[PDB]
Structures are given as structure tokens and as C-alpha cells.
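# Structural description and commentary
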Amino acid sequence: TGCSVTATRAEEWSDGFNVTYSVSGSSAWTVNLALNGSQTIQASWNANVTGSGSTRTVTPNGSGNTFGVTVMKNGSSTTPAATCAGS
């Protein structure tokens, strides 16, 4: 009974990959992004993403259920983890 966000690696290179999490189920949802290792958030869009350490809270703008952000592989080309909840 909550938002069902999903992940999907889109772009990628020897520095970071543009992950694309697709939200589906509701508009008022929250996808807590969690980079891996020392990864970091180089950029994002389709949603207000922000953080300060190893996790960033994602939020829908009103027409971008699916968001996308660059993942500073920094020695890690694995996709980050994302969770959601109905509020």
C-alpha cells in the first residue's frame, strides 16, 4: 500500500552512470536514494533530489514520477538502492 519506485541504469561511462528510477502507483511518493561505497550525486532531474553523506531524499515535482541522477562510480559501477513509502 505504498509507492512502488523502480530503478533502471540509463547512461554510463568510466566516471558515473545516469540511473533512472521509475515511480509508479502514486504522485506524492518519496524515493530515498542510497549511493554505494563512496559514490555521490553528480546531477539529477525529474525530481528534487538532495542529501549530504551517503543518502539523498528524492521528491516528485508533479509530472516526473521517474527521476534520473548521475552516480559517481568512484570505483563502483553498481546501481544505487532506492526505497519508497506511501505518505
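Residues numbered from 1 in each chain as written, not as in the entry; some residues may be left out. Heavy atoms only, no water.

- As recorded in the entry header, the structure was determined using solution NMR.

## Things to note about the sheet that holds strand β3 (residues 41-45)
- Across the sheet, which stays open at both edges, the three strands sit in the order β1-β6-β3 with antiparallel pairing between neighbours. The sheet is open, and its two edges are formed by β1 (16-21) and β3, each paired on a single side. Neighbouring strand axes in the sheet, compared pairwise and without regard to direction, differ in orientation by 20 degrees on average.
- Here β1 runs beside strand β6 (residues 67-72); their pairing, made up of six bridges, is antiparallel. Opposite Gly-16, over in β6, you have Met-72 as the bridge partner. (Pairing = 2+ DSSP bridges. Helix = DSSP H or I, 4+ residues; strand = E, 2+ residues; numbered from the N terminus. Axes fitted to C-alpha atoms, helices over the stretch in contact; angles between N-to-C directions.)

## Looking at the nonpolar core
- Ranked by internal contacts, the top residues of the largest apolar core, which has 17 residues, are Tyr-21, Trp-29, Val-31, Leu-33, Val-58, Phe-67 and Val-69.
- Where this core is concerned, the elements lending two or more residues are β1 and β6.
- Contact partners of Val-31, with chain neighbours within four places excluded, come to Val-5, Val-23, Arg-56, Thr-57, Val-58, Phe-67, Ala-82, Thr-83 and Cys-84. (Core = buried A, V, L, I, M, F, W, Y, C linked by side-chain atoms within 4.5 Å. Buried < 20%, exposed > 50% of the residue type's maximum accessible area, 1.4 Å probe, protein only. Contact = heavy atoms within 4.5 Å.)

## Some thoughts on the environment of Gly-37
- Turning to its location among the elements, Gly-37 is positioned in the loop between β2 (32-34) and β3.
- C-alpha of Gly-37 to C-alpha of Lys-73: the two residues are 36 residues apart in sequence and 8.5 Å apart in space.

## With respect to the sheet that holds strand β5 (residues 56-57)
- Pairing in this open sheet of four strands is antiparallel, and the strands run β4-β5-β2-β7 from one edge to the other. Edge positions in the open sheet fall to β4 (50-51) and β7 (81-83), since each of these has one partner strand only.
- In this sheet, β5 lies alongside β4 in antiparallel orientation, the contact comprising two bridges. For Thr-50, the partnering residue across the bridge sits in β5 and is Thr-57.

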